[PDB]
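Report on one structure; see the data block that follows.
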Amino acid sequence: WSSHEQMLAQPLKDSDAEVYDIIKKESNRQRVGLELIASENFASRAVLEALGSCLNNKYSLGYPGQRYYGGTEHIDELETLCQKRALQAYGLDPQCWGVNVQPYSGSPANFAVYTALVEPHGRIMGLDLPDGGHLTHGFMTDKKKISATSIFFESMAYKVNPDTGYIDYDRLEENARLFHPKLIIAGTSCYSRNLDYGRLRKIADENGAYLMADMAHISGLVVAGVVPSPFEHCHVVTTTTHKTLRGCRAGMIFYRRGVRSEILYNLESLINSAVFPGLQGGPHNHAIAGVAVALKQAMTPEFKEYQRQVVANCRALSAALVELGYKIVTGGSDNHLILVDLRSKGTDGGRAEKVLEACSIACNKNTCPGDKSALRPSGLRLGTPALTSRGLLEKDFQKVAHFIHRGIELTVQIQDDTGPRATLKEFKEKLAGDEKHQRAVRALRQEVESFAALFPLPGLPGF
Amino acid sequence: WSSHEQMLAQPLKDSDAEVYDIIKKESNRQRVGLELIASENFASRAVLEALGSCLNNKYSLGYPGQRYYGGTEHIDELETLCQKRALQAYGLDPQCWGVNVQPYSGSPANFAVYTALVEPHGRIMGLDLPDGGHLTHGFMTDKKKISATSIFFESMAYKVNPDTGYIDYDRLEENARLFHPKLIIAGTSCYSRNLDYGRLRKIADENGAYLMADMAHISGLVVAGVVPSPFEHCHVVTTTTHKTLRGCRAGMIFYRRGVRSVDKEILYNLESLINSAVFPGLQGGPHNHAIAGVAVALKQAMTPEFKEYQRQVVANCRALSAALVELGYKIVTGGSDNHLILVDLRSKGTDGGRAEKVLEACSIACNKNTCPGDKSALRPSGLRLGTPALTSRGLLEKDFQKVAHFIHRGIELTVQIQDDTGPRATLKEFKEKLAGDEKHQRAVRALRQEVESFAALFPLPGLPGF
Amino acid sequence: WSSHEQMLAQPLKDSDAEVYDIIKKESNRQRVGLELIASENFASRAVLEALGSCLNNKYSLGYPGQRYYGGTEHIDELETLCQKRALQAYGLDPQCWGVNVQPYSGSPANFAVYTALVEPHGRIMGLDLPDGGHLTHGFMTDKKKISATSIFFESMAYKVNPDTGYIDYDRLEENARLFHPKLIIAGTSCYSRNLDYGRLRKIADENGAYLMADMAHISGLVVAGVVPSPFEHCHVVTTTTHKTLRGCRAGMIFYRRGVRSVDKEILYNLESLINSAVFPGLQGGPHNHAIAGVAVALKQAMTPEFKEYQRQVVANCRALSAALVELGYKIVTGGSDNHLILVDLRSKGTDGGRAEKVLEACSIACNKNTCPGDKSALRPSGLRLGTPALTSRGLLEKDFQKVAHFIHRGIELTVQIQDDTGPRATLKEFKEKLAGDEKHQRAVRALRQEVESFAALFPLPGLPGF
Amino acid sequence: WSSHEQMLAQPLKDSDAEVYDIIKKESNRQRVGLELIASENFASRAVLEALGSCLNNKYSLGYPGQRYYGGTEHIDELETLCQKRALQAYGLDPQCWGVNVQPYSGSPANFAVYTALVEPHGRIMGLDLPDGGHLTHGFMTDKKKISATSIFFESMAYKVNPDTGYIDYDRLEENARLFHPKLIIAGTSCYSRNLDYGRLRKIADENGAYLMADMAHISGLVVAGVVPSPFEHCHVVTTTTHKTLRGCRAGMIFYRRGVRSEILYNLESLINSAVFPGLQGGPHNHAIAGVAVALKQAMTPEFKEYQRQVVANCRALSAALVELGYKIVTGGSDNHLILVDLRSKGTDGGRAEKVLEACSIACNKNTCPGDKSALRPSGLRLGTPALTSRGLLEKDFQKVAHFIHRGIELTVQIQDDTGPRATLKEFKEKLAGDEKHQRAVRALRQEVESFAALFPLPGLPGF
Ligand SMILES: *Cc1c(COP(=O)(O)O)cnc(C)c1O
Ligand SMILES: *Cc1c(COP(=O)(O)O)cnc(C)c1O
Ligand SMILES: *[C@H](*)c1c(COP(=O)(O)O)cnc(C)c1O
Ligand SMILES: *[C@H](*)c1c(COP(=O)(O)O)cnc(C)c1O
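Spelled out as structure tokens, the structure:
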């Protein structure tokens, strides 16, 4: 047809006004808000351009040199290039390390590794969820298995010491001798400290287990050399490509090659087989191009500088909050985030996140090591990656600290009008249903959005 | 250091010349070639524009109803809109059907359903791979379990009758009574005929099993009303959004809501089990930019232009099959009801394994596939051919007849090379003969030229030559 | 307190009058009844004497080779002797066959083999229960797994052809290619014909599976050479020691040793895997008194008298079947090659469910069983009849013809009662009609008298009326 | 035939001379030896008579009131009677407790319970093997699963404190919150102390798990009221019928009936279904008769007296050994056995058991809580049930203590001639290959066998 020939060439603005409008409103919402959620960032224009390329059309099952279909000359150049930049970015010798770049995301990357090295019902140990662990590391209760990791495998968590906020390696070492894990996971979603990879490797070798690092949250810090690298002691390293690496959504699996002890590593073929034809079908080539572009950007001195600023910003933010009387779990941080214990102010993350949200300050609740209840998490997780990508510096994060402080005070107030004992649903009602309050929110929001508009919003020119 | 901000705003062309160059060469490769691989298509510009939006930066966990974090006012509008268009596009009453739009792709969508309704080691039955089934429907040998479906669940396949090329429903009905499946899969990767959903539903109900349709390959034909809908008898329907639906890569899970049976009645519990399996079960944050792309593709799929596109797709397949029959080729089941056909090359004394390589060198893309008969997977007898991609470029019946002759020229050439390599020669040797033999290499070059010239006559959908 | 020692030396008759009385009544019940249940027999006095020996007090763990504790000089002589007699009795070369004699019973013997060669969730194929298979070969429905074999492993049955009553090897061969079993079971609980071990071995080798024979029902016939031996084609053979072997309750596992295949050759690893599964895998200390009983039964089974007993067993079954055919009864497969027959009572308008109850009240023991046809398990059409027990009491062909008429009288009576209860009457009601109805109760009493008088004419093997 | 008619009536002595001879030699070996293996005993004549009855011929699938075959009038009387005596013997109200008497032995009884309440891959926790646990409670290494319990289910052990020799309940309570067991096992094969059932029940209820007691070793002590009963806090109790109960080999499963909390107990049908048709076929009726006879004997005042003597004998034996300078794990015992730590004499159980065996003194090696190696167990497990059934009293066990002591000295000697460092195979050679030694053995053996012949050997008149 003559009209069908152009339906395929019509711009989004004309083709789908409704979706186009939603993107515009979301673009604007991101501009006037303060993003403190530790897992978010702003991808560069170049990365986003690669996502909408014609690579979306190429279907290519398999791997370079092992393709099911033909016509993959350029797709091979792409994937090969992506793998080369991944090893390079982390300073890895291709004779000792290899990498798979097809995982659709972080969760799928972890699952493929378990499938490959652990097998159904094999034992896996990971940091407990309320102590800062991730769902894919295992999540189950006494009556039900929630995470797919816990459903298809046998997981058992290890905890942090509630008095220090640090991972209790001694207890882990002891429990591992009884549990007999086939794989131990070193990775976190809400832990402000570096992990003792060396100690974990010793514990893993003691039980004949593999040591897998999930560096999703610190992958960017690692490339820049701002926090120790897990590649020195781990057998496998998984990671997402967004978060601190600042790329598009996707995942990667790094695995050791060569001699293990003369015993040789068999990780490569097991992992590759698990990703495909095991768990996935055709790879998302447009996403692989986006990652390639993100990895090149991550190797620039500018990126290195960005990462140093990220950590500096976190330090300034934590210091400013301590000065305002806030308690930081473990007293501080070594990376991009901090867990703030709000008990030091008589409130909780559950109520605080809602008030701050209404004020255009995004962050999320999280349980603190102590916490005797998950229905009333004591802390707030705060991260600096996103705002640092917008150019905020130390002086800016001190102002951010005051805005957050204003928020906490407000959440406390809506709490003093409700009485020391009241449900979360009563609190939210008194929040949006009170002259002085919905009015307190409106005022703080205005100051927050004005301050936020002073900074550039990375991405495509203008949606 | 100051150039860090100038780094996040820099265009791809300046930021990464190497990747930019690869995209250009791939864009050009797609333009001068003839795409006959049944699972490929060309996504519209609008869809691709949605993929590179700022939706990439939004991390949301959970569903529109209950999210983990805040600031999802617009993400909720998006996902909700996407779900509404999905039900609408397939003519489904939201009181009887619901839909999850977060699966990252087709394989993940199927796996989430198994995880939800079957549970570890539960029994699943699907069409055998060499008979046209998909990996995610189960794949194992007597010594090893390859597909994740076969590793975490207990799968057993059902076959097609090798004499008719059709699915043997009688044998399936019998074997199901002994196997006791908890779920039966109705879906194919290389089957040219409609599926008897009604018959499969009866067999499923007989064993108390769920009937799941994987309509990935025909999802576009279904929307246009060109082939019967699986929503009439199935409990669950999974699908990819690319392939015939012509969207970006992603997956969707449709499930029934309301009353299942009586006596006094019992309700469907598919919704919460499936939603829980997708998240927090198997996935983390949804890819919102991909959900926007799907939304855009679903709106385009409801237009009369799309419906006309789908009619042309089937008409093209019919013309292509007729033209090949006229040239003496054997088509499994003798023909097709949809977008593809499986060509049995034994009728010409060669096989798909060698033919696909020669055709590839001539810029004609397609893939080998075993035929129902075939007593060996190392020497598949057929070639799977699809019309979706080329129809999106505007080819009509007369164009597919010309395509048929180009393919025929290719087969003749591969036969010439096969006779030159020997009898017990290996594919490895066949490919080397095709690579370093000026004689054949000259035949290839000539045919390639004609194929690429003919292909340049048609527009390549997408962005402005990117 | 001083009478404690006088307590450990006191005879059962004085020590426990109540138990002693029960044994007396049971001994008498066995004497005046006609035992036609195919799985029963009467163990010799010698065997029973070994069971009550001081071997009961010896706790030994491990095997003759390597034990956990000491003081096993004689226990080693015993187990070693038992293994030697087992191989000998079946004419097996110890260089090609080995045997484990610790299983506590038949079910445990099978389970240990599955545990050793299959592993959790491994695939196993066995004869379907309603077609004559045993529980330990797999038993599950579409909603629940009943047998431990079906709970810990993945089982799928194969069936007999309902028109011929024979095992459909063709369908099994086909289904095995799709199911991929790791082990196939050749053994039955209610099948009157010989098994085609050769054919099953070919099918097993085709799928790389092990072939395991469960010869529990025919172990005695095999020793005597009255039916073909499964040791010619199987990799493993399990069996109970009671039933036709006429020993005490226990089980044994025979496994091949040496070279399995070539190319350069590979060895059998069955021995250590099986031994490890029995102990320390599934069992603790072996029952030595039971191992002594088996040893004694194996020596008796190698005598010419035993061989003659086994020939009489088969001849009796043939006469019993012929006599029933003459009375108009239908026998599945038309006859038998061994010790039993499945009688299809549809040929008389009744079913095994009601017939077994009436016959029981007349002191004629047998059990119901579904026939290949049967469209319902709640109304089994047949009766399984065996001759081992009565042949051990000396009945000959002319005696089994009289037995046939008594059974016939029973069937006529159950038909009379069925017509009196109604059409859609329940078994519950059928049993109540048979219980509180002087008319039928008078018919029962009369037939019972004739049956018990005829049965008292024969000796009851075992101890002196105990 | 006329000769076949009598092959079945011929006595064992004439029918099978070879087997008959073996029984005679074994009967004699039992008479002249000193049985100190804690799991052995001598069954009464009455019990043995029931085993060789005509009950061996009756095939009866199912349970009373639920039979597959007919002609079970007396078999029903038997099983019913056996169940009634089992409940009675332990003072259980049939409205609150039920019992299955078909398990062929102890291991099968445990396995059926796991099959019924845990299901494939369900989690189970039991006392670690080297700390006194039993195989059926779980046994696996970092590379292989040995016990069927560990192969079909997911097991993890709990340990004893190596400094006190007692079960560390605190650590168990902590690990259970991470492991999430569906069932916890309270039972031992080599533990001289009573178990804190109350504490274990609290831990089980805390994780929603079932508490199962395996009282195999103390079932006789329990009936007599010499050690606390596990029926006060457990949901299920399994046991063998030999060992201290002094019956034939068989097993039983006791389970609670009635209201659990209005939630009702579902143990009965699950357990019955698992035993049959789940795991077993026809029950061994002759063994059920033997158990019935053993249960009646266990309820007599004479049996009660026997059990008091058993414990008194153990106390005297332990005191006499302490006086000779031997170390007893946990310092003593509350029951029929003791674990002797031979490190206090510079030798190990591995070597000592062999020397004592050569001297006609039966016992077995066992690791001590400390032990940094299973290939060189430090202790010897000694039990008094068997010898007490032969009439030994306190004064007799003091003499037994000296004989054992003489044995230890000899094992040490063969050890001083071999040098502080030598393999177990060299030691055994120097034992049987030395004039003074094989001569030392012969002498002690003579004294041991003479002393042993002074006591009656329970059982059948004379084989
Ligand atoms: C966020 C996060 C994930 C989830 O990533 P997805 O790409 O959303 O699937 C996985 N692992 C860790 C350690 C994380 O922080
Ligand atoms: C000895 C013992 C067993 C083993 O009994 P078997 O009857 O040999 O199978 C099981 N459990 C415990 C606690 C034991 O002491
Ligand atoms: C292609 C295809 C798939 C796989 O989809 P992916 O999106 O590539 O992961 C699944 N099912 C069917 C029926 C297909 O044709
Ligand atoms: C009877 C029978 C069994 C069961 O034996 P048990 O000793 O009763 O436990 C197993 N297999 C077959 C083939 C049988 O006939």
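Keeping their order, the protein sequence lines are chains A, B, B' and A'. A prime marks a further copy of an entry chain. Going letter by letter, the first sequence gives residues 15 to 275, 283 to 484 in the deposited numbering. Going letter by letter, the second sequence gives residues 15 to 277, 282 to 484 in the deposited numbering. Going letter by letter, the third sequence gives residues 15 to 277, 282 to 484 in the deposited numbering. Going letter by letter, the fourth sequence gives residues 15 to 275, 283 to 484 in the deposited numbering. Every residue gets a Cβ at the ideal spot worked out from N, C-alpha and C, and that includes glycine.
If you reduce the DSSP assignment to three classes, tell me which class residue i lands in.
i               : result
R364(A')        : helix
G120(B)         : helix
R191(A')        : helix
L149(B)         : helix
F268(A')        : strand
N385(A)         : strand
residue 524(A') : Here chain A' covers residues 15 to 484 and nothing more, so residue 524(A') does not appear.
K348(A')        : strand
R185(A)         : helix
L465(A)         : helix
Going by DSSP, which residues form a beta bridge with residue i?
i        : result
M139(A)  : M170(A) and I198(A)
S275(B') : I284(B')
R81(B')  : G76(B')
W111(B') : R270(B')
Quick check: is any heavy atom of ligand 4 less than 6 angstroms from the C-beta of residue i?
i        : result
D228(B') : yes
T254(B') : yes
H247(A)  : no
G302(A)  : no
Beta-carbon within less than 6 angstroms of residue i's beta-carbon, same chain only, minus the 5 sequence neighbours each way: which residues are those?
i             : result
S381(A)       : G47, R466, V469 and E470
residue 11(B) : An answer regarding residue 11(B) cannot be provided, because it is not within the stretch 15 to 484 covered by chain B.
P242(A)       : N208
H148(A')      : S203
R263(A)       : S119 and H256
Is any non-hydrogen atom of ligand 3 found closer than 6 angstroms to the C-beta of residue i, if you look at the structure I gave you?
i       : result
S169(B) : no
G120(B) : yes
Given the structure, does residue i come close to ligand 1, in the sense that its CB is under 6 angstroms from one of the ligand's heavy atoms?
i       : result
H426(B) : no
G152(B) : no
Is it the case that the CB of residue i approaches a heavy atom of ligand 2 more closely than 6 angstroms?
i        : result
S206(A)  : no
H148(A') : yes
Using a Cβ-Cβ cutoff of less than 8 angstroms, which residues in the same chain neighbour residue i once the five nearest sequence positions on both sides are dropped?
i       : result
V250(B) : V127, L131, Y224, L225, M226, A227, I267, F268, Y269, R270, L288 and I292
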